[PDB]
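Shown below, as structure tokens, is a lone chain in the form deposited without coenzyme A (COA); questions about how it binds or moves come after it.
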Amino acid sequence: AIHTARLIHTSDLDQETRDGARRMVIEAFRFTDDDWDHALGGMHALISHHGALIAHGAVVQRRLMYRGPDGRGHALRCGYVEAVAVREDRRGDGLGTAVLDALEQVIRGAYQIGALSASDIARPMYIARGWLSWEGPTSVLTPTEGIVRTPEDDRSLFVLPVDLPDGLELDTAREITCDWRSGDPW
């Protein structure tokens, strides 16, 4: 009766669906070859209608590194949101929130923390769904060098705490560090 996203792992997509998702996200964002590679390897939220894909999103597995005053140091098992895109003539109908619904399901069931990167324009809705704005600096653990701070911008990082270890507590004003990949680390 009402559009919902169905969850499919990358390895269960056939190439005609796989090619449609890449083509659709590229038209909805404009998104390079790397931005699409960052979206492969985990769970896809797909909404299809009238022969075509109308909305898309992905959650892939990374590590988020966090060290508190303790000095302990944690590598959290992270569900990272990628390639959320609603067909242009299909917006304003809640298809976006139906993709986030299915992605958060994945996060809550398989990961210790959700994370995504969003612009100032989009903070209101993410906050309303329970995500937290990360205020502290962000960085990346590079292979060549070590930890390298991510250049400051109007993009914000958001995290969804779901199943953190023993205590961990979590100070969102402290530093947080993602793992390395080429292209955009976030």
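All residue numbers refer to positions in the sequence shown, first residue = 1. So that the term is clear: the rigid core is the largest set of C-alpha atoms that superpose within 1.5 Å between two forms. Shifts are known only where both forms have a C-alpha.
Between residues given as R30 and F31, how many of the deposited sequence are not built: none, 1 to 3, 4 to 9, or 10 or more?
-> Gap size class: 10 or more residues without coordinates, per the record.
Tell me which of 148 to 156 and 43 to 51 has the higher mean C-alpha B-factor in the deposited entry.
-> The deposited B-factors put 148 to 156 ahead on the C-alpha mean.
Would you determine, from the values in the PDB entry, which of 66 to 74 and 53 to 61 has the greater average C-alpha temperature factor?
-> According to the entry, 66 to 74 carries the higher average C-alpha B-factor.
Maximum C-alpha temperature factor, selected from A128, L132, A122, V140 = Within the set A128, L132, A122, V140, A122 shows the top C-alpha B-factor.
CA B-factor placement of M24, once the chain's modelled residues are sorted into thirds | Highest third.
Which third of the chain does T10 land in by C-alpha B-factor: lowest, middle or highest?
-> Lowest third, going by the recorded CA B-factors of the chain.
Which third of the chain holds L164 when residues are ordered by C-alpha B factor: lowest, middle or highest?
-> It falls in the top third of the chain.
Position of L170 among the chain's modelled residues by C-alpha B-factor, lowest, middle or highest third | It falls in the top third of the chain.
Of the three thirds of its chain by CA temperature factor, lowest, middle or highest, which one includes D93?
-> Highest third, going by the recorded CA B-factors of the chain.
Here the subject shifts to the form solved in complex with coenzyme A (COA), a form of this protein not shown in this document.
Coenzyme A (COA) in the deposited complex: within 4.5 Å of a heavy atom of each of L7, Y111 and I113?
-> No, none of the three is in contact.
Which residue, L40, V140, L53, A122, has a heavy atom that falls within 4.5 Å of coenzyme A (COA) in the deposited complex?
-> None of the others qualify; the residue that does is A122.
4.5 Å heavy atom contact, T97 and coenzyme A (COA) in the deposited complex = Answer yes; at least one heavy atom of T97 falls within 4.5 Å of coenzyme A (COA) in the deposited complex.
Decide whether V148 counts as a contact residue for coenzyme A (COA) in the deposited complex under a heavy atom distance cut-off of 4.5 Å.
-> Taking the distances in the deposited complex, the answer for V148 is no, it never comes within 4.5 Å of coenzyme A (COA).
Would you check, heavy atoms only and a 4.5 Å threshold, whether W134 touches coenzyme A (COA) in the deposited complex?
-> No, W134 stays farther than 4.5 Å from coenzyme A (COA) in the deposited complex.
How about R77: is it within 4.5 Å of coenzyme A (COA) in the deposited complex, going by heavy atoms?
-> No, no contact at 4.5 Å.
Proximity to coenzyme A (COA) in the deposited complex (heavy atom, within 4.5 Å), stretch among 159 to 167, 21 to 29, 7 to 15, 172 to 180 = That would be 21 to 29.
So which bits of 167 to 185 sit within 4.5 Å of coenzyme A (COA) in the deposited complex, heavy atoms only?
-> Nothing in the stretch sits within 4.5 Å of the partner.
Would you mind telling me which residue of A122, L40, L132, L141 shifts its Cα by 2 Å or more between this form and the one not shown when the core is superposed?
-> The displaced C-alpha is that of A122.
Taking the rigid core as the superposition reference, indicate whether the CA of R67 shifts 2 angstroms or more between this form and the one not shown.
-> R67: C-alpha displaced by less than 2 Å between this form and the one not shown.
Relative Cα spacing, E88 and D154, in the deposited complex - shift of 3 Å or more | Farther apart, by at least 3 Å.
In the deposited complex, shift in Cα separation for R155 relative to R23, 3 Å or more = Their C-alpha distance grows by at least 3 Å in the deposited complex.
Note down every stretch of 3+ consecutive residues with C-alpha shifts of 2 Å or more between this form and the one not shown, superposition done on the rigid core, in sequence order.
-> Core-superposed, the runs shifting 2 Å or more come out as 119 to 125, 151 to 155.
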